[PDB]
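To convert, take the position in the first sequence, counting from 1, and add 754; that gives UniProt numbering.
Even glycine gets a Cβ: it sits at the ideal position worked out from N, Cα and C.
Scroll down for the structure; my scribbles are underneath it.
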Amino acid sequence: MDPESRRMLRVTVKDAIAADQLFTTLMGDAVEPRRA
DNA sequence: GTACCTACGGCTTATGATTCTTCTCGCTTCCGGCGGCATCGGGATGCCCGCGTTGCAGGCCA
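Written as structure tokens, this is what we have:
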């Protein structure tokens, strides 16, 4: 938190997608793990 | 020395909603009794004749 040495980060509102809809679905949470 | 909060996932149980069972209002109108009279087919009653019912004794069956 040094105003001359810190490195913050900014969030954007670029797009409005349905990721939050699949956040808690028990179906999207089961199909999303495709890390293979 | 001690108490109270939620996320990660599944089955159930504690209560407001919709299709299937049931309880029975409305009378009115076409339809079903209801009674009287002419009609017709059956049959009970009588006589005749042969067949259906029954007793005896034997051979067959459950």
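Once DSSP output is grouped into helix, strand and coil, what is the label at residue i?
i      : result
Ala784 : helix
Once you ignore the five residues that flank residue i on each side, which residues in its own chain have a CB closer than 8 Å to its CB?
i      : result
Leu776 : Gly782, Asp783, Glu786
Whole angstroms is fine: what's the gap from residue i's alpha carbon to residue j's?
i      : j      : result
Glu758 : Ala790 : 42 Å
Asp756 : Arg764 : 17 Å
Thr779 : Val767 : 23 Å
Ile771 : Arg788 : 19 Å
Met762 : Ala773 : 25 Å
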